[PDB]
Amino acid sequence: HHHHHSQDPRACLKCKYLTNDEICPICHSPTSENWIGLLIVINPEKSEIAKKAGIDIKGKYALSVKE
């Protein structure tokens, strides 16, 4: 077994953007390793899912994050 949890991405506490960084490259708030769900926004201006999620920047996002 090689689960390698440290290699999984963290999620921005403010905007939920996925990244390996301690702080969010988008909004610079702290990230957390405590998140669930995945929304990949490819085209924010055409995605009504992204509109409903309040996401206007393309990228991978957690559905929720806590810390």
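Start at 1 and count along the sequence shown; that's the residue number.
S.K.: Can you tell me which stretch has the higher mean Cα B-factor, 23 to 31 or 38 to 46?
M.R.: Looking at the recorded C-alpha B-factors, 23 to 31 comes out higher on average.
S.K.: Going by the recorded CA B-factors, say which third of the chain residue 13 sits in, lowest, middle or highest.
M.R.: Answer is highest: the recorded C-alpha B-factor places it there.
S.K.: Compare the C-alpha B factor of residue 5 with those of the other modelled residues in its chain, then answer lowest, middle or highest third.
M.R.: For residue 5, whose C-alpha B-factor we compare with every modelled residue in the chain, the answer is the middle third.
S.K.: Among all modelled residues of this chain, ranked by Cα B factor, put residue 63 in the bottom, middle or top third, i.e. lowest, middle or highest.
M.R.: Ranked within chain, residue 63 CA B lands in the middle tercile.
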